[PDB]
Amino acid sequence: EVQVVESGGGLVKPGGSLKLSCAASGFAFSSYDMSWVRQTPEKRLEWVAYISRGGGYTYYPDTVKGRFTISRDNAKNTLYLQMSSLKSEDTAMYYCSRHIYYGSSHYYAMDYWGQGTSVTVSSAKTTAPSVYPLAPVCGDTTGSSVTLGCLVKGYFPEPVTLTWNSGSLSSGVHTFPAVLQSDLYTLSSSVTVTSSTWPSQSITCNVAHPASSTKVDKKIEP
Amino acid sequence: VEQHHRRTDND
Amino acid sequence: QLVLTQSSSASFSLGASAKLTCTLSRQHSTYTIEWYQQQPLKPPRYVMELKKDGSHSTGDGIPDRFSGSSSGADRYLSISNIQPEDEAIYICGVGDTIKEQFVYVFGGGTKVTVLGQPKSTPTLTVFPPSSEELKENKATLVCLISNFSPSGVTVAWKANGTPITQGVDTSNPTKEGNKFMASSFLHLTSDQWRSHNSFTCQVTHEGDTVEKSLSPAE
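Residues numbered from 1 in each chain as written, not as in the entry; some residues may be left out. Chains lettered and ligands numbered in written order. Heavy atoms only, no water. Residues with missing side-chain atoms left out of burial classes, pairs and counts.

- Method of structure determination, per the deposited record: X-ray crystallography was used for this entry, reaching 2.00 Å resolution.

- As recorded by the PDB entry, chain C carries the name 13F6-1-2 Fab fragment V lambda x light chain and is attributed to Mus musculus.
- The title given for this PDB entry is "Crystal structure of the 13F6-1-2 Fab fragment bound to its Ebola virus glycoprotein peptide epitope".

- With the PDB entry as reference, chain A is termed 13F6-1-2 Fab fragment heavy chain, source organism Mus musculus.

Here it is as structure tokens:
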């Protein structure tokens, strides 16, 4: 099937630079013109670069002209976006998008879009989370199920990755949206298990934060 | 104003 | 300049026939445009390309329920028998090449709600401060709010039955399967946690209220 897979997003400081790639598969990539479109945290879409199927035409809007360079390697079925002199307002989700085959329309429609890669340009300070185990108040241990949790407190930037029992415990897991307070995120995940399994069996949350190169495993104890 | 086609190699 | 104008929101009853309007700037009133659909947690999806005469060509895997038409500078997306999965943001898009400069303009998007769906009431999970955090003289109470639909909730906290204003942080709701979820945190000192008889997470959703309380005692 048609796939376009973006990678390369991350945190960069203002003035910094970053290079995004988009691997295409499942269609004849060198027959298609390609663009990068970004989406702000407030959800507004903005077209930021176009390159034709053989690379003869490239265009950019005024907001990135002179800072961004789009290119492609047809031998590897890959599109790139080199970004430099980055500004805080370049923070956005970046999508690689395929224009409709030119034989179908000579106009502009973007008929397939990737899942996106997230870019954050910020001078806010990188901070590893504090990770606390959440066991229920005694009053909440009397059910047929029991819900344990994990509090991931005060980190920046997003994301963290969180699993339970290293990924082997997957059913009944819910990881909740983070709040943002003073340049630091906070989130919590929970796992619901039948009350016979805990605490007779072990339940641990695994919290990685790539940007600080940290990882914490917290066993939930009564 | 009349809309123009996008340009692509060998069009 | 080249401009696309669309309402920021619309709602329609489940099963109804819905119509969205995108309007072109006057001097571009003859342009071919596209419609995109963005559902929560997904990229935009191509719906159709639509011409000044109303003829259109729809993208892969778009139901027969979607169709397009036009009237002067207006471009319409019509959805017969609107379904719960048609809840999405709809965005129109339009291109041109002017003096050999490519330009591409998006509308602001129309956030579409499908009314008349059956409700789902929030379930609350509340956690006390860990002893590990309490040792640092801090207490974060956690309220995890899930399985609700539609997505609008209002969250408030109480201590001994009296409202708390300060130290509350409540997230936006996020889609999860066919419902929503959200979280709220109450930040206290250890002395505050220890000194009250109870705290309550309280969630208002569509005329209903759900509360769950916990106590430092026993």
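1. Some remarks on the overall build of chain C
Step number 1: In terms of helices and strands, chain C carries two helices and 20 strands.
Step number 2: C-alpha extents for chain C along the principal axes are approximately 75 × 40 × 30 Å.
Step number 3: Considering only contacts in chain C between residues 6 or more positions apart, those separated by 24 or more positions represent 56%. (Helix = DSSP H or I, 4+ residues; strand = E, 2+ residues; numbered from the N terminus. Contact = heavy atoms within 4.5 Å.)

2. What about the interface of chain B and chain A?
Step number 1: With nine residues of chain B in contact, the opposing surface of chain A contributes 17 residues.
Step number 2: The contact between chain B and chain A buries some 1200 Å² in all, and 44% of this surface belongs to carbon and sulfur atoms.
Step number 3: Summed over the shared surface of chain B and chain A, the number is one salt bridge.
Step number 4: The shortest N-O distance in the salt bridge between A:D33 and B:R6 comes to 2.9 Å.
Step number 5: Inspection of the region where chain B meets chain A yields 17 residue pairs in polar contact.
Step number 6: For the side of chain B that touches chain A, the residue count by class is no nonpolar, five polar and four charged. (Buried area = accessible area lost by both parts, 1.4 Å probe. Salt bridge = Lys/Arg side-chain N within 4 Å of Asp/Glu carboxyl O. Polar contact = N/O pair within 3.5 Å; in protein donor to acceptor, adjacent residues only side chain to side chain. Nonpolar A, V, L, I, M, F, W, Y, C, P; charged D, E, K, R; others polar.)

3. Considerations on the sheet that holds strand β19 (residues 214-219) of chain A
Residues and elements named next belong to chain A.
Step number 1: As summarised here, the arrangement of the three strands in space is β14-β18-β19, forming an open sheet in which the pairing is antiparallel. Strands at the two margins of the open sheet, each flanked by one partner only, are β14 (161-164) and β19. Across the sheet, the axes of successive neighbouring strands diverge by a mean angle of 15°, strand direction being ignored. (Pairing = 2+ DSSP bridges. Axes fitted to C-alpha atoms, helices over the stretch in contact; angles between N-to-C directions.)

4. Some remarks on the pairing of strand β19 (residues 199-205) of chain C
All names here are of chain C.
Step number 1: Within β19, six of the seven residues are buried, which leaves it mostly tucked inside the rest of the structure.
Step number 2: For strand β14 (residues 154-159) and β19, the ladder comprises six bridges, and the chain directions are antiparallel. The residue bridging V155 from the neighbouring strand is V203, located in β19.
Step number 3: Between β19 and strand β20 (residues 208-214), which pair antiparallel in sequence order, lie two residues; one of them, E206, sits at a positive phi of approximately 55°. (Buried < 20%, exposed > 50% of the residue type's maximum accessible area, 1.4 Å probe, protein only.)

5. Concerning the domain arrangement of chain A
Residue and element names in this part refer to chain A.
Step number 1: Under the domain assignment used here, chain A contains domain 1 (1-123) and domain 2 (124-222).
Step number 2: Measuring from the centre of the C-alpha atoms in domain 1 to the corresponding centre in domain 2 gives 35 Å.
Step number 3: The partner domain 2 presents five residues to the four residues of domain 1 that form the contact.
Step number 4: When domain 1 packs against domain 2, close to 320 Å² is buried across both sides, 56% of that on carbon and sulfur atoms.
Step number 5: Linking domain 1 with domain 2 are zero salt bridges.
Step number 6: Taken together, the links from domain 1 to domain 2 amount to two residue pairs in polar contact.
Step number 7: Residues that form the side of domain 1 that touches domain 2 fall into these classes: one nonpolar, three polar and no charged. (Domains from an automatic or database assignment.)

6. Side note on the state of the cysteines
Simply put, disulfide is the name for a covalent bond between the sulfur atoms of two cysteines.
Step number 1: Here the structure, examined in full by the defined rule, presents four disulfides over all chains.
Step number 2: Residue pairing for C:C143: its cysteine sulfur links by disulfide to C:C201, the two sulfurs lying 2.1 Å apart. Classification of the bridge connecting C:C143 and C:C201 rests on its S-S torsion, roughly -85°, and on that basis the disulfide is left-handed. Within this pair, whereas C:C143 is found in strand β13 (residues 138-148), its partner C:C201 is found in strand β19, the two being separated by 58 residues in sequence. By the burial criterion, C:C143 is buried, and C:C201 matches it.
Step number 3: Here the disulfide map of chain C reads 1-2, 3-4, the bonded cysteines being numbered as they appear in the sequence.
Step number 4: Among the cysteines of chain A that take part in disulfides, numbered as they appear in the sequence, the pairing is 1-2, 3-4.
Step number 5: Note on A:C138: no disulfide assigned, nearest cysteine sulfur contributed by C:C143 at a separation of 19 Å. (Disulfide = S-S within 2.5 Å.)

7. What to know about the interface of chain C and chain A
Step number 1: Contacts between the two partners involve 52 residues from chain C and, on the opposite side, 48 residues from chain A.
Step number 2: Interface area lost by chain C to chain A is led by C:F102, C:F106 and C:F127, which between them contribute 17%.
Step number 3: A salt bridge links C:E133 to A:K153; the nearest nitrogen and oxygen atoms lie 2.7 Å apart.
Step number 4: Here chain C and chain A share 16 residue pairs in polar contact between them.
Step number 5: For the side of chain C that touches chain A, the element with the most residues is β13(C), which contributes six residues.
Step number 6: Grouping the amino acids of the side of chain C that touches chain A by side-chain chemistry returns 20 nonpolar, 17 polar and 15 charged.

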